[PDB]
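> One structure is given below, represented as structure tokens, and several questions about it will come after.
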Amino acid sequence: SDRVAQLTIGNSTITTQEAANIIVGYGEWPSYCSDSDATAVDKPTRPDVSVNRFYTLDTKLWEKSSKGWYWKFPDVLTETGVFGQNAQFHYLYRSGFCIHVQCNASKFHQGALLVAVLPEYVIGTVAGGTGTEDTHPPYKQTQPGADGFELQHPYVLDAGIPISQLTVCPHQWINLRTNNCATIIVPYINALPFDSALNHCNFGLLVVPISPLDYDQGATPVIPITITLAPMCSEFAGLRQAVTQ
Amino acid sequence: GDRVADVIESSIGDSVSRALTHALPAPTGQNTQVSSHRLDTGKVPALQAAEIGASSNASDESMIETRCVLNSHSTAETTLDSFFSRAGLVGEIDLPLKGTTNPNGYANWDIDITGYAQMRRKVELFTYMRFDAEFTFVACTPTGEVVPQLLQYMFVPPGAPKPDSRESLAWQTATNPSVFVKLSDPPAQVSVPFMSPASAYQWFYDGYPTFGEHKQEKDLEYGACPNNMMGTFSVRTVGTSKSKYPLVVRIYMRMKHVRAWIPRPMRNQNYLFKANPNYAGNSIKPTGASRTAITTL
Amino acid sequence: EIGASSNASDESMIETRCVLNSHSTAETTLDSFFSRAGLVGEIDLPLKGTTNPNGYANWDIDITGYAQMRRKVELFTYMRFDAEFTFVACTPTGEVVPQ
Amino acid sequence: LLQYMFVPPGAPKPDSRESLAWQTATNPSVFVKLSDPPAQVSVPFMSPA
Amino acid sequence: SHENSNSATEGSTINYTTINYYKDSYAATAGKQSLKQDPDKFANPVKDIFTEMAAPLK
Amino acid sequence: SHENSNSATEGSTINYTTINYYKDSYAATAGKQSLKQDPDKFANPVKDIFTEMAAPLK
Amino acid sequence: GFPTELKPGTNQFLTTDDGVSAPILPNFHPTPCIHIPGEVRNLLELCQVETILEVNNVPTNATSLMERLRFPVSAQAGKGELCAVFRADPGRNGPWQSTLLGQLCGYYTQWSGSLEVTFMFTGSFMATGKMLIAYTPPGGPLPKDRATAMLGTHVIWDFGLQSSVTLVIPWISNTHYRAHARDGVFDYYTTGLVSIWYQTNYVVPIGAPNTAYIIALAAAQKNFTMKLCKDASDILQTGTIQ
Amino acid sequence: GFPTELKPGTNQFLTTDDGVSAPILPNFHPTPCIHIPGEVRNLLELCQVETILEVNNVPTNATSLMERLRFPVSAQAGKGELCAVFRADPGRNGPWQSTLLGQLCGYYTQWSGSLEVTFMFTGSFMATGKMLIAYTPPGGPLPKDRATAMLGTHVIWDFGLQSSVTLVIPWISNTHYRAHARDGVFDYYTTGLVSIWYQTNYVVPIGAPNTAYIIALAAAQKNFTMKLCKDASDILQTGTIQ
Amino acid sequence: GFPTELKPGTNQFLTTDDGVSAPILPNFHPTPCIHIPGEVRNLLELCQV
Amino acid sequence: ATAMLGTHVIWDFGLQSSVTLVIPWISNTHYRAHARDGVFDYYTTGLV
Ligand SMILES: C[C@H](CCOc1ccc(I)cc1)CCN1CCN(c2ccncc2)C1=O
Ligand SMILES: C[C@H](CCOc1ccc(I)cc1)CCN1CCN(c2ccncc2)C1=O
Ligand code: NA
Ligand code: NA
Ligand code: NA
Ligand code: NA
Ligand code: NA
Ligand code: NA
């Protein structure tokens, strides 16, 4: 009754029989930009169903030694379906997201993944080890696209901050003995009403195993983790030719 | 006009962001109510499901027999203004006589407060912050001595000409705000408004400032957001000749009328650079003290 | 040719949305623009010199010797106003002496 | 010019004239010259008792 | 007073009681903020709220 | 106050809200000006005004 | 006396401080103010007045300076050829520096609003033609061809009795205000690009010039405002003005 | 002029003085504030959010840091063996330093209120067990055995569909507020000890891991408040930050 | 500014002067005062013992 | 990734042994005739 659930949006429907409720980040639902917060004057385009639907972009394999991964939004979708096109043809973009991380196992497996959403997830580098070299993360590390990227030092979230406090952000846990998915709804988060879907990543999705995956020899060893997400209340403006970056 | 049903009944355009929580008044800590033994089935406050993502709702009253306690402890000292409205060092500007830095009697300081750990760690607890501020300028020689020297501080907003010398024409300051004061006077002090083009400054910007390819040589710009760059603060000794004394200017900032959004984990590795969260990889230390065994203090 | 600026607006050239503009026009009023103290004169009183080595000096009240201020006021042909004058004195190194 | 700073129990005590603790971001500090009149401030009742 | 409304908090859900002498409100003191709080925004942002007495996973 | 009227703006279409301590008004602050504007004076000083919709040369 | 206590700021001189100062001439009454035409109350009033935009800002020798005030059009080869281009950034070095809007803009750190450029064709009466004037919002690189330019905000101008056409550069920004844009991280505040193409062709009969010019006039819309007063980038003085 | 008289304090600069200072930009209006999710009004709001408590704070090499976030349980010999222990002092060096509560706590000299620690079992679904989690108020030395621990405030946790259990560390002090406790005379403000014992045993069938981990999440109750603002004990900077 | 004029006494520190001084800890609330036996209000109370 | 761009359902095994995929009527014509290889593939419904 809180364990079962169906998420239908657009022409896509998701089901789960082992859920742990739903989290609505910062207590508020995605909403379209009001006429008072807005500043751009052109009439926006709100594709609706063609872009606000569930997209299943990537699958990683959870292992006894995995460190964790992260994806940046809306970077992950900028090259997929009608959403991608609108994000490319338009200068301005804004939307919310419904994130559904999937991972099932057996009643004999164990482990716990922390699934969180961290706004303005700026990545740092190890500074050449000694901290004397002022290195910087490459485009492929800041905006990893759909394949996401693996954390080098999860304890500090590759940014000099404790993962132990990441729970201060909208999150859920995927404890195998309890559930097989996490569901987080996120509203538009920025200090501006609209922004570039290309140059700015509003937040990052983190999937990190805090309690190591384990099982005995003989149990299915391939435990996938799939990422499905749906934009919500997508709005675009400032039309012109398509641009990938 | 709209005729097809799906259009009439759509929610496309709702600008009213539905909120699930509302703020209540809490001037004091919650009181404790009396409670007694409960030997029930079905009822189970102690049992939780952290997976959901919420903190425990279990209270003192439901876990043990409690007495009544009228809590009058105030929550006033933990408000944003109470926490941040305390002047702290955010800049130091040297004006030496014989030196390698500013031996010309003037100096330009980029307005960035991330060069000092104490202040920096506090503000980085939040992603976005909107506030006004009170700046105080303490000047003296390097020994802390006070000398009869007249100085001019000038705010050079982005786009205004940065003085290139002690005799620059820009010191005419016809439009820029300037402050003339002696080292003998008390510290200069002024109020600054919230000047960003954005609704709030942000200590973290996960993106690039421009479009195009982001090749190696341009990665210095990852995380740079012009909305946080308020301009330059220039200082000079007021004269066409070099000053007879070496000077030091300490800049203190005290925020006021503060608003913050999106809390984040707090820095646990030493800071290295102003512009980024880079940390020393060979020296990743735990967040705190450690011990020999989990079963011993 | 008529001599007037275009009357064409955003609404009539493209499909626009509604935007409630609350941006203020206060900082562009005349007082906001001009009521900022700027340098308009420098008077030297040197000891051993070619100019005023007599301990006194006469300055003709004319503020057109300084570009910044001058260019601002010359945007208008006629101007009527009151003014606040501030006199900053010191030695050439910027030192303060009991004089 | 002098700097007086109140270091409550648990705050880092400066170990030198150049200590980082003098950044005084949260502790209350008073900057004053020996030439100024005596510094003066009001202190509340701070005990846990 | 009859001053400008340039304070960074102009129009906040929490009203302030401040002091000022200039025509620009942002020059005012920090004053006293209002003591409201909303822990649930961060500590319990769940859609279908669950009781204390009941078991969280129904 | 009961002072002289020596301000350079005495009798202006835009009223001011100022502060003063002396008997001569011109010593007062700059205060706040009134926010009126008349762009047409410079941007459209035509005798027979022409509509936007219509063609300017009828 | 009454107990007071001096606070920091004491004795300082802030050039923008709006305070009270003692009057030098007590009981002095100024000369009455008669009526004078053209009183201006707000700089914004001046920003709505069109001035000549030097789109053709290439000639530099004294004798050819007047050529910056106008660019040409002429019979082409019907391949939707490019006529001219320029950035729409009003407070940026370039064509806009010739306008009063651009200069006044230099006295403010941030601006916000829609801009407008009116193009007046000064060819002969017998000359006809259609042009495509486009505005490419941020992120869009200089359109390689007309087809690409046509994908953004644009106007198709037809020569006729009405010598002019107005291109509106609607306010399309992410931030409520833009600061003066320039090469570097501040290109974040760039407004975009304006390109002019031949939609049809400059056609003329026997007896009329094969080349005519266009004069561009620019100004701001009524939603334009500026803020955070600052000194202009230029100081028109080398040595001392005597 | 009006008769005044300067009092002590004149000219001093108190960093916490809340006074008025002259505005540098007259008539300047800030950019309007749009709606932004997650506004926080009081640090106490953050103290009620659970963060990971590093009960297992022993590993120090970089490659094993993530192991501090969780401690283990496993099949025993049914002798009510001890699983783990830690001080409940929130503002004391130790496990609490990993929590946001502990860090925010460092910015205040005194605190008051009940704390709570929620333990989440991450073993397999087929694993069962009962644990005894006890809180020993001041004066009680580290319980030598379960029987001794059981004499104080405690909870008996049963593994099941509900993965977690919450131990409440009720406010039991002599003083209304406690200052940060540490070795020495300041141990006067110590909160106490938390010990975890096996009530029954970690039982598992054939085919499931003999070792599973527990993740501890801590935060404060709604009667928690802090006072007497102070600088944190750490300053994350060695030399100058460039 | 407002016309003032300093009088003798300016800058002096009188140990018995009962004036106002800036608070070091804004918005700080002291620990509540519980009931304690034997409160004395005036030294004269002690003189009668 | 390509399949996911159309109408779909994500099925989770559990107490409920079954899941229902709906093949909504998405045609250009009001009716479809029996589709087969050739010009009559015009009436094809699609792929699952
Ligand atoms: C309060 C300062 C602006 C101070 O502006 C003035 C202006 C004039 C004067 I006189 C004194 C100070 C802005 C501080 N901020 C805004 C955000 N920011 C920043 C720095 C580094 N990385 C991200 C943001 C940052 O350093
Ligand atoms: C505000 C000054 C008058 C200042 O008068 C005093 C009088 C007494 C004192 I003590 C200080 C200043 C007049 C400035 N103006 C009026 C117009 N003007 C001028 C200069 C050059 N060419 C045309 C006009 C010019 O320089
Ligand atoms: Na005066
Ligand atoms: Na004065
Ligand atoms: Na007198
Ligand atoms: Na001041
Ligand atoms: Na006296
Ligand atoms: Na005082």
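Chains: A, B, ... in order of the structure tokens. Residues: from 1 per chain. Ligands: from 1, in order shown.
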Do you know which residues are within 12 Å of ligand 7 using only C-alpha atoms and all ligand atoms? Can you write them as a PyMOL selection string?

(chain G and resi 1-4) or (chain H and resi 3-7) or (chain I and resi 5-12)

> Just write the chosen residues, N, CA and C atoms, as a PDB file, in the first residue's frame.


```
ATOM      1  N   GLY G   1      27.342  67.416  28.887  1.00  0.00           N
ATOM      2  CA  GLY G   1      26.711  67.133  27.562  1.00  0.00           C
ATOM      3  C   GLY G   1      26.013  65.786  27.481  1.00  0.00           C
ATOM      4  N   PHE G   2      25.298  65.570  26.379  1.00  0.00           N
ATOM      5  CA  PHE G   2      24.560  64.333  26.121  1.00  0.00           C
ATOM      6  C   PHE G   2      25.498  63.176  25.730  1.00  0.00           C
ATOM      7  N   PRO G   3      25.373  62.018  26.397  1.00  0.00           N
ATOM      8  CA  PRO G   3      26.216  60.848  26.125  1.00  0.00           C
ATOM      9  C   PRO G   3      26.126  60.235  24.738  1.00  0.00           C
ATOM     10  N   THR G   4      27.205  60.384  23.978  1.00  0.00           N
ATOM     11  CA  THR G   4      27.298  59.827  22.639  1.00  0.00           C
ATOM     12  C   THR G   4      28.509  58.889  22.573  1.00  0.00           C
TER      13      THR G   4
ATOM     14  N   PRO H   3      25.142  70.161  22.628  1.00  0.00           N
ATOM     15  CA  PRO H   3      26.064  69.591  23.617  1.00  0.00           C
ATOM     16  C   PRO H   3      26.070  68.079  23.770  1.00  0.00           C
ATOM     17  N   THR H   4      27.170  67.468  23.345  1.00  0.00           N
ATOM     18  CA  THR H   4      27.353  66.030  23.452  1.00  0.00           C
ATOM     19  C   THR H   4      28.619  65.750  24.269  1.00  0.00           C
ATOM     20  N   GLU H   5      28.859  64.480  24.573  1.00  0.00           N
ATOM     21  CA  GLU H   5      30.020  64.092  25.366  1.00  0.00           C
ATOM     22  C   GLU H   5      30.332  62.629  25.054  1.00  0.00           C
ATOM     23  N   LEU H   6      31.501  62.367  24.471  1.00  0.00           N
ATOM     24  CA  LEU H   6      31.894  61.004  24.104  1.00  0.00           C
ATOM     25  C   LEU H   6      32.171  60.061  25.280  1.00  0.00           C
ATOM     26  N   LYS H   7      31.648  58.840  25.183  1.00  0.00           N
ATOM     27  CA  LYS H   7      31.816  57.824  26.222  1.00  0.00           C
ATOM     28  C   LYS H   7      32.757  56.714  25.766  1.00  0.00           C
TER      29      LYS H   7
ATOM     30  N   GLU I   5      28.562  69.411  19.564  1.00  0.00           N
ATOM     31  CA  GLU I   5      29.710  70.112  20.128  1.00  0.00           C
ATOM     32  C   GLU I   5      30.122  69.382  21.406  1.00  0.00           C
ATOM     33  N   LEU I   6      31.328  68.817  21.422  1.00  0.00           N
ATOM     34  CA  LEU I   6      31.816  68.070  22.583  1.00  0.00           C
ATOM     35  C   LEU I   6      32.099  68.912  23.833  1.00  0.00           C
ATOM     36  N   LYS I   7      31.656  68.412  24.984  1.00  0.00           N
ATOM     37  CA  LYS I   7      31.839  69.094  26.265  1.00  0.00           C
ATOM     38  C   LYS I   7      32.864  68.374  27.136  1.00  0.00           C
ATOM     39  N   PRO I   8      33.361  69.041  28.184  1.00  0.00           N
ATOM     40  CA  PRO I   8      34.343  68.392  29.054  1.00  0.00           C
ATOM     41  C   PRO I   8      33.789  67.080  29.608  1.00  0.00           C
ATOM     42  N   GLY I   9      34.666  66.100  29.770  1.00  0.00           N
ATOM     43  CA  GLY I   9      34.240  64.803  30.255  1.00  0.00           C
ATOM     44  C   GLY I   9      34.379  63.839  29.096  1.00  0.00           C
ATOM     45  N   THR I  10      34.327  64.381  27.884  1.00  0.00           N
ATOM     46  CA  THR I  10      34.476  63.585  26.671  1.00  0.00           C
ATOM     47  C   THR I  10      35.688  62.650  26.797  1.00  0.00           C
ATOM     48  N   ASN I  11      35.485  61.374  26.451  1.00  0.00           N
ATOM     49  CA  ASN I  11      36.513  60.318  26.483  1.00  0.00           C
ATOM     50  C   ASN I  11      36.923  59.750  27.839  1.00  0.00           C
ATOM     51  N   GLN I  12      36.502  60.387  28.927  1.00  0.00           N
ATOM     52  CA  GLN I  12      36.874  59.917  30.256  1.00  0.00           C
ATOM     53  C   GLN I  12      36.141  58.644  30.610  1.00  0.00           C
TER      54      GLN I  12
END
```

> Residues within 7 Å of ligand 1 (only C-alpha atoms and all ligand atoms), as a ChimeraX atom specification?

/B:111-114,133,135,154-155,190,192,201-204,228-230,233,274-275 /H:24

> Quick one: distance from CA of residue 131 in chain B to CA of residue 9 in chain E in Å, one decimal?

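Taking CA of residue 131 in chain B as the start and CA of residue 9 in chain E as the end point, the length is 7.3 Å.
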
> Extract, using only C-alpha atoms, all DNA, RNA and protein residues at most 10 Å from residue 185 in chain A, discarding same-chain residues fewer than 6 positions from it, and format them as a list in words.

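Contacts, in chain order: residues 22, 23, 24, 25, 26, 27, 28, 29, 30, 96, 97, 98, 99, 100, 117, 170, 171, 229, 230, 231 and 232 of chain A; 47 of chain E.
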
> Please return, as a PyMOL selection string, all residues of range 15-225 of chain G that DSSP assigns to strand (DSSP E) on the basis of the backbone.

chain G and resi 51-52+71-74+82-87+108-112+115-121+130-136+153-158+164-169+178-179+193-198+211-220+225

> Which chain B residues are at most 8 Å from chain G (counting only C-alpha atoms), as an mmCIF file with N, CA, C and O atoms, in the first residue's frame?


```cif
data_model
loop_
_atom_site.group_PDB
_atom_site.id
_atom_site.type_symbol
_atom_site.label_atom_id
_atom_site.label_comp_id
_atom_site.auth_asym_id
_atom_site.auth_seq_id
_atom_site.Cartn_x
_atom_site.Cartn_y
_atom_site.Cartn_z
ATOM 1 N N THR B 136 34.006 46.765 6.564
ATOM 2 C CA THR B 136 34.850 47.571 7.436
ATOM 3 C C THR B 136 36.308 47.419 7.017
ATOM 4 O O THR B 136 36.801 46.299 6.839
ATOM 5 N N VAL B 156 35.319 49.634 -8.188
ATOM 6 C CA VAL B 156 35.313 49.633 -9.637
ATOM 7 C C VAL B 156 34.465 48.481 -10.138
ATOM 8 O O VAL B 156 34.920 47.338 -10.212
ATOM 9 N N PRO B 157 33.206 48.775 -10.483
ATOM 10 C CA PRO B 157 32.265 47.774 -10.983
ATOM 11 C C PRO B 157 32.742 47.255 -12.326
ATOM 12 O O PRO B 157 33.455 47.947 -13.048
ATOM 13 N N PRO B 158 32.342 46.031 -12.684
ATOM 14 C CA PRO B 158 32.732 45.415 -13.957
ATOM 15 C C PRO B 158 32.461 46.338 -15.140
ATOM 16 O O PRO B 158 31.320 46.713 -15.398
ATOM 17 N N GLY B 159 33.511 46.705 -15.859
ATOM 18 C CA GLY B 159 33.324 47.575 -17.005
ATOM 19 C C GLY B 159 33.872 48.972 -16.793
ATOM 20 O O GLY B 159 34.050 49.727 -17.752
ATOM 21 N N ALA B 160 34.119 49.326 -15.536
ATOM 22 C CA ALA B 160 34.675 50.631 -15.215
ATOM 23 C C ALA B 160 36.180 50.474 -15.319
ATOM 24 O O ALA B 160 36.716 49.393 -15.085
ATOM 25 N N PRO B 161 36.884 51.550 -15.673
ATOM 26 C CA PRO B 161 38.341 51.482 -15.800
ATOM 27 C C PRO B 161 39.086 51.230 -14.486
ATOM 28 O O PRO B 161 38.932 51.994 -13.525
ATOM 29 N N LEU B 169 43.804 58.472 -14.028
ATOM 30 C CA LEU B 169 42.711 59.422 -14.170
ATOM 31 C C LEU B 169 41.448 58.873 -13.529
ATOM 32 O O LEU B 169 40.578 59.627 -13.102
ATOM 33 N N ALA B 170 41.355 57.551 -13.470
ATOM 34 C CA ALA B 170 40.197 56.882 -12.898
ATOM 35 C C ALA B 170 39.923 57.270 -11.450
ATOM 36 O O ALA B 170 38.810 57.065 -10.966
ATOM 37 N N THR B 173 37.089 59.575 -9.897
ATOM 38 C CA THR B 173 35.897 58.931 -9.346
ATOM 39 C C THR B 173 34.584 59.722 -9.445
ATOM 40 O O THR B 173 33.849 59.858 -8.468
ATOM 41 N N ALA B 174 34.276 60.214 -10.641
ATOM 42 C CA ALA B 174 33.062 61.001 -10.863
ATOM 43 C C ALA B 174 31.760 60.222 -10.698
ATOM 44 O O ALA B 174 30.719 60.801 -10.381
ATOM 45 N N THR B 175 31.809 58.915 -10.923
ATOM 46 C CA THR B 175 30.607 58.107 -10.806
ATOM 47 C C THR B 175 30.764 56.935 -9.831
ATOM 48 O O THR B 175 29.822 56.607 -9.103
ATOM 49 N N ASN B 176 31.945 56.315 -9.812
ATOM 50 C CA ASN B 176 32.217 55.193 -8.907
ATOM 51 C C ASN B 176 32.199 55.680 -7.475
ATOM 52 O O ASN B 176 32.505 56.837 -7.202
ATOM 53 N N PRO B 177 31.815 54.812 -6.534
ATOM 54 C CA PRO B 177 31.833 55.319 -5.159
ATOM 55 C C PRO B 177 33.251 55.194 -4.596
ATOM 56 O O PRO B 177 33.910 54.176 -4.799
ATOM 57 N N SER B 178 33.724 56.245 -3.930
ATOM 58 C CA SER B 178 35.051 56.256 -3.315
ATOM 59 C C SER B 178 34.951 56.705 -1.863
ATOM 60 O O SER B 178 34.010 57.406 -1.475
ATOM 61 N N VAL B 179 35.928 56.293 -1.064
ATOM 62 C CA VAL B 179 35.979 56.657 0.344
ATOM 63 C C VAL B 179 37.363 57.180 0.651
ATOM 64 O O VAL B 179 38.353 56.495 0.419
ATOM 65 N N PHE B 180 37.427 58.402 1.158
ATOM 66 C CA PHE B 180 38.696 58.996 1.529
ATOM 67 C C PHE B 180 38.749 58.969 3.052
ATOM 68 O O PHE B 180 37.815 59.426 3.716
ATOM 69 N N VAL B 181 39.832 58.431 3.603
ATOM 70 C CA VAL B 181 39.971 58.340 5.052
ATOM 71 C C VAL B 181 41.444 58.263 5.458
ATOM 72 O O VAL B 181 42.280 57.861 4.653
ATOM 73 N N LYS B 182 41.756 58.666 6.692
ATOM 74 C CA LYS B 182 43.134 58.640 7.211
ATOM 75 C C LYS B 182 43.329 57.386 8.071
ATOM 76 O O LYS B 182 42.370 56.883 8.661
ATOM 77 N N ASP B 185 41.992 57.852 11.483
ATOM 78 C CA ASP B 185 40.548 57.834 11.727
ATOM 79 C C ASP B 185 40.148 56.415 12.116
ATOM 80 O O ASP B 185 40.946 55.489 12.026
ATOM 81 N N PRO B 186 38.915 56.230 12.590
ATOM 82 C CA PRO B 186 38.526 54.868 12.946
ATOM 83 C C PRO B 186 38.382 54.149 11.618
ATOM 84 O O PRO B 186 38.452 54.775 10.560
ATOM 85 N N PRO B 187 38.176 52.829 11.649
ATOM 86 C CA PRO B 187 38.022 52.065 10.407
ATOM 87 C C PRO B 187 36.878 52.615 9.562
ATOM 88 O O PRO B 187 35.848 53.023 10.094
ATOM 89 N N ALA B 188 37.059 52.638 8.248
ATOM 90 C CA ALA B 188 36.008 53.117 7.363
ATOM 91 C C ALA B 188 34.977 52.004 7.374
ATOM 92 O O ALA B 188 35.329 50.849 7.585
ATOM 93 N N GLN B 189 33.711 52.344 7.153
ATOM 94 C CA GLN B 189 32.644 51.346 7.170
ATOM 95 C C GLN B 189 31.484 51.804 6.291
ATOM 96 O O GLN B 189 31.046 52.949 6.382
ATOM 97 N N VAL B 190 30.992 50.906 5.442
ATOM 98 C CA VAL B 190 29.896 51.238 4.542
ATOM 99 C C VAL B 190 28.961 50.062 4.334
ATOM 100 O O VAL B 190 29.321 48.917 4.602
ATOM 101 N N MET B 195 24.044 43.051 -5.119
ATOM 102 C CA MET B 195 24.294 43.480 -6.498
ATOM 103 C C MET B 195 24.329 42.498 -7.668
ATOM 104 O O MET B 195 24.657 42.895 -8.783
ATOM 105 N N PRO B 197 23.164 40.018 -10.807
ATOM 106 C CA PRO B 197 22.146 40.093 -11.857
ATOM 107 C C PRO B 197 21.183 38.925 -11.618
ATOM 108 O O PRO B 197 20.081 38.878 -12.170
ATOM 109 N N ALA B 198 21.627 37.975 -10.796
ATOM 110 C CA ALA B 198 20.826 36.804 -10.447
ATOM 111 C C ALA B 198 20.057 37.097 -9.160
ATOM 112 O O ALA B 198 20.378 38.046 -8.453
ATOM 113 N N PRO B 209 30.734 29.199 -18.210
ATOM 114 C CA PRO B 209 30.169 30.529 -18.443
ATOM 115 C C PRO B 209 29.812 30.816 -19.905
ATOM 116 O O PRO B 209 29.027 31.723 -20.188
ATOM 117 N N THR B 210 30.377 30.049 -20.834
ATOM 118 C CA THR B 210 30.096 30.266 -22.253
ATOM 119 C C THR B 210 29.868 28.987 -23.049
ATOM 120 O O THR B 210 30.093 27.880 -22.566
ATOM 121 N N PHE B 211 29.421 29.167 -24.287
ATOM 122 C CA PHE B 211 29.160 28.065 -25.201
ATOM 123 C C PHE B 211 30.451 27.725 -25.925
ATOM 124 O O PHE B 211 31.442 28.443 -25.805
ATOM 125 N N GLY B 212 30.436 26.629 -26.674
ATOM 126 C CA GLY B 212 31.614 26.231 -27.422
ATOM 127 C C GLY B 212 32.302 24.984 -26.911
ATOM 128 O O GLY B 212 31.776 24.275 -26.052
ATOM 129 N N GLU B 221 37.865 27.811 -16.620
ATOM 130 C CA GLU B 221 36.579 28.472 -16.483
ATOM 131 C C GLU B 221 35.414 27.607 -15.983
ATOM 132 O O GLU B 221 34.295 28.099 -15.817
ATOM 133 N N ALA B 224 32.971 28.968 -13.126
ATOM 134 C CA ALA B 224 33.026 30.420 -13.060
ATOM 135 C C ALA B 224 31.707 31.028 -13.470
ATOM 136 O O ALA B 224 31.282 30.884 -14.612
ATOM 137 N N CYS B 225 31.056 31.719 -12.547
ATOM 138 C CA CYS B 225 29.795 32.345 -12.882
ATOM 139 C C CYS B 225 29.872 33.845 -12.652
ATOM 140 O O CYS B 225 29.967 34.305 -11.522
ATOM 141 N N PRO B 226 29.821 34.630 -13.733
ATOM 142 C CA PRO B 226 29.887 36.097 -13.703
ATOM 143 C C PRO B 226 28.935 36.730 -12.687
ATOM 144 O O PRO B 226 29.182 37.824 -12.187
#
```

> Around ligand 8, out to 6 Å and counting only C-alpha atoms and all ligand atoms, which residues are there? I want them as a PDB file with N, CA and C atoms, in the first residue's frame.


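As a result, result.pdb now contains:
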```
ATOM      1  N   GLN D  40      34.866  49.411  25.440  1.00  0.00           N
ATOM      2  CA  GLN D  40      33.861  49.056  26.439  1.00  0.00           C
ATOM      3  C   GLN D  40      32.714  48.295  25.781  1.00  0.00           C
ATOM      4  N   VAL D  41      32.313  47.182  26.390  1.00  0.00           N
ATOM      5  CA  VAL D  41      31.238  46.366  25.843  1.00  0.00           C
ATOM      6  C   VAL D  41      30.384  45.750  26.935  1.00  0.00           C
TER       7      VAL D  41
ATOM      8  N   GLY H   9      34.305  53.403  24.352  1.00  0.00           N
ATOM      9  CA  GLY H   9      33.783  52.568  23.291  1.00  0.00           C
ATOM     10  C   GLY H   9      33.915  53.362  22.009  1.00  0.00           C
TER      11      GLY H   9
ATOM     12  N   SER I  21      26.462  50.227  26.807  1.00  0.00           N
ATOM     13  CA  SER I  21      27.608  49.735  26.054  1.00  0.00           C
ATOM     14  C   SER I  21      27.151  48.644  25.093  1.00  0.00           C
ATOM     15  N   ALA I  22      27.769  48.592  23.917  1.00  0.00           N
ATOM     16  CA  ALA I  22      27.398  47.614  22.898  1.00  0.00           C
ATOM     17  C   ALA I  22      27.479  46.153  23.344  1.00  0.00           C
TER      18      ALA I  22
END
```
